[PDB]
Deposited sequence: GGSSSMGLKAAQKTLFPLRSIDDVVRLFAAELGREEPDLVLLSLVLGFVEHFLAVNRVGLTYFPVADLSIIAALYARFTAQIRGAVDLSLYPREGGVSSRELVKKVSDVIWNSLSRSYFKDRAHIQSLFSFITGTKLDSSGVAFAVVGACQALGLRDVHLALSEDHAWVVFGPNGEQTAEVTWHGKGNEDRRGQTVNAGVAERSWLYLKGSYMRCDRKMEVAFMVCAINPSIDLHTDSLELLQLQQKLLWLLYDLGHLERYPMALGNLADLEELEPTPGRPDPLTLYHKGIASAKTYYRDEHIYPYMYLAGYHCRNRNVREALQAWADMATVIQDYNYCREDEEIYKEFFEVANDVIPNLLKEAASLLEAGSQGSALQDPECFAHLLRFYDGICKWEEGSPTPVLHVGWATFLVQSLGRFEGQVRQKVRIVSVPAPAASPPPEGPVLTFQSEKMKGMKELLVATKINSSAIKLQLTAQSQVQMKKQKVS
């Protein structure tokens, strides 16, 4: 049962009408996740997946949306008999959460590409029987709301989603898959992953959503992609307007990644009278420092990316150095491969390209070049230091010889006279945390870097060729 007050804005005839619906729901005791996800999925389908016939905006008629809502609530209420799972004290049981997870899981198409765009929403679940990884977690939370289970909430790391529930909201349960070819842990807590200090569980400093943050998640989950070359302007506008709505109400306060998304949108198409992208990226970092012990990587990656795109080399290097300063206190574990790929691409592709362009510009007489700034060299060294310290104590190594040629090249982009200015001190001035960089210190100021010795010190390799 949609309530009478939920129906009065239909039909939705524009972006702004969708925004009004979100504003109305966010003003309610609890925003209706099912309704809002169905609307977003409907509007995304007809703006990104199939634009045949589009003349302005795909009008969302109440009859259509209500029929979709009824399919969802019918399935869930039919398959989950709450009488089998008595609720001690206004809180849900692990068995109940697992049952809801199973109902969503078991509904899905037997075989489909899980990496497709536009399979995030309950519209996808209902019309295509398809969901992406995190979409399954959202759908479990939407189903639990539909069942009246006020204590079940979405939990988010930077690369995974699960639920919290139970007495004081203190229980965790896996409800979806992560990655590819990992083994399902649905029903289990996340405690092993927290205890092993993996990036995937953020040492426990992950997001525990309220209902409003769950709305923010579905908005971040909007995918404006039409194809590899084209985005939907309509969906970008919608996402941007919804994020500002949430921002103004306070619901992005504890959501760094949403703040960075909003900053990226503002760079693309600034809203008059709003904060600059940089202000927003800094707010994201502040959010991570305030609520999550400064244990998140992506607030710094968002900032660095902005600086990189705008060829602020100094500030890009500083932000990637900061990114490494966070990662150093993690152990690199089996399902952390996405953050490995991000650091690998920065070290072995992005930074080299940036420094190569800097080198051409210096040849053409640029002033205040990062390549002549010793604090820029210090940032490069701190980036590598953090990666090396990350590797310390980890169950799987990080560095290999495929990193070493890029390190030598990048070091060599700074002339010896620049490199000499950095003073490396023990516990521009820099202090290394990692044993690998401490051993590398003397190699760092020679006019021509000793490539071979660098390679030996960065990697496990301890011998040179026999012959």
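Participant: Counting from 1 along the deposited sequence, give me every gap where there's no C-alpha, start to finish.
Facilitator: According to the record, the gaps fall at 1-6, 434-444, 485-489.
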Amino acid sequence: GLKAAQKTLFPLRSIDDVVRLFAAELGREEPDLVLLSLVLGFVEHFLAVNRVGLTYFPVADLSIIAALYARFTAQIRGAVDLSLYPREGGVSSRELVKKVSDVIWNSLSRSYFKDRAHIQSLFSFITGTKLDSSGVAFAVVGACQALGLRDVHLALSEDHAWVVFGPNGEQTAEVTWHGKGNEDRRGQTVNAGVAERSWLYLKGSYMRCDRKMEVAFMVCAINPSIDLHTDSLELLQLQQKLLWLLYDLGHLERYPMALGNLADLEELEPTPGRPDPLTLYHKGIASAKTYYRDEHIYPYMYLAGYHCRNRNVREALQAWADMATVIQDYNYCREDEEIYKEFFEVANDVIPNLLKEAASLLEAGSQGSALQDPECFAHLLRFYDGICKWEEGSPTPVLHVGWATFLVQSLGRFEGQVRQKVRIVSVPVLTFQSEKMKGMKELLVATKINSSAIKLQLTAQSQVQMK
From here on, numbers count along this sequence of modelled residues.
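Participant: Averaged over C-alpha atoms, is the B-factor higher for 72-80 or for 146-154 in this PDB entry?
Facilitator: According to the PDB entry, the answer is 72-80.
Participant: Using the B-factors recorded in the PDB entry, average over the C-alpha atoms of 307-315 and of 332-340, then report which stretch comes out higher.
Facilitator: Looking at the recorded C-alpha B-factors, 307-315 comes out higher on average.
Participant: Going by the deposited entry, which of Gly169, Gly204, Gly260, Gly128 has the highest CA temperature factor?
Facilitator: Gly169 has the highest C-alpha B-factor of those listed.
Participant: Of the choices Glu345, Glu95, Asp231, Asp132, which one's C-alpha carries the largest B-factor in the record?
Facilitator: Comparing C-alpha B-factors across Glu345, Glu95, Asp231, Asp132, the maximum falls on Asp231.
Participant: Mind checking which third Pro256 falls in for C-alpha B-factor across the chain?
Facilitator: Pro256: CA B-factor falls in the lowest third of its chain.
Participant: Rank-wise, by C-alpha B-factor, drop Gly439 into the lowest, middle or highest third of its chain.
Facilitator: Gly439: CA B-factor falls in the middle third of its chain.
Participant: With respect to C-alpha B-factor, does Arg185 fall in the lowest, middle or highest third of the chain as deposited?
Facilitator: As the PDB entry reports it, the C-alpha B-factor of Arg185 lands in the highest third of its chain.
Participant: Pull the Cα B-factor of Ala370 out of the PDB entry and bin it into the chain's lowest, middle or highest third.
Facilitator: Highest third.
Participant: Among the modelled residues of this chain, does the Cα B factor of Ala66 put it in the lowest, middle or highest third?
Facilitator: Middle third - that is where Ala66 ends up once the chain's C-alpha B-factors are sorted.
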